[PDB]
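What follows is one chain in structure tokens, specifically the form deposited in one PDB entry.
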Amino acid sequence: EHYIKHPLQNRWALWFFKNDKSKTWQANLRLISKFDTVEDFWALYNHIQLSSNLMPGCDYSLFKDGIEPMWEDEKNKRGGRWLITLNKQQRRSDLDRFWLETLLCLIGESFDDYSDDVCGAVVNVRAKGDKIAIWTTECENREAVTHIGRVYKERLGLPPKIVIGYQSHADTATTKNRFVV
């Protein structure tokens, strides 16, 4: 305890996306680094750009090692995402805050028994409006998805006025909300 790192329940992989229209969407996805301790998470987070500082068209994705940050993945293709839609004023006040909070929910395993239904999370930096989302494995699991959304919304500290949607990746890859919270 004087010398051992604090282990996480999962190894996590951080990915970076930069739009290059000459490439397949997937080839623009590049692995930054993986980590499986609290200490190693902070070493990585502390040296990388804040989302509010990325060029428009970039993503960060944090996913459980073995799960690619794409809807094609075995663990994603039945799932969906809880989506936070930002306007341009929230990039200033909310984006970086909201995103750190999202990582802490992933790494600290904040959703009880349904944290196992979490695949990862992504932040989209966009000129038109930023987005943050948590991806879950099965859009059918009403209790899992529904529990994650409730706790996520609490964790982001969003008021009863704000309502957020969950969209299945099946619908997206074709968007209606299966659930809102």
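Shifts are known only where both forms have a C-alpha. Under this definition, the rigid core comprises the largest set of C-alpha atoms superposing within 1.5 Å between the forms. Residue indices: 1-based, along the sequence shown.
The records show that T175 is omitted from the coordinate set of at least a third of the other eligible entries of this protein. The PDB entry reports B-factors from which the mean C-alpha value can be compared for 15-23 and 162-170; the larger average falls on 162-170. According to the PDB record, 79-87 carries the higher mean C-alpha B-factor of the two stretches 95-103 and 79-87. Listed residues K131, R30, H147, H47 were ranked by CA B-factor as deposited; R30 comes out on top. Highest CA B-factor among the listed residues (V151, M55, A43, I67): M55. Compared with the other modelled residues of the chain, the Cα B-factor recorded for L156 ranks in the middle third.
Ranked by C-alpha B-factor against the other modelled residues of its chain, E74 falls in the highest third. When all modelled residues of the chain are sorted by CA temperature factor, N141 is found within the highest third. Sort the modelled residues of the chain by CA B factor and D59 lands in the lowest third.
Form deposited in another entry: not shown, discussed below.
Put the two forms on the same core and the Cα of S33 is off by less than 2 Å between this form and the one not shown. Every Cα shifting by 2 Å or more, across three or more consecutive residues, marks a moved region; comparing between this form and the one not shown on the rigid core, the sole such region is 19-28.
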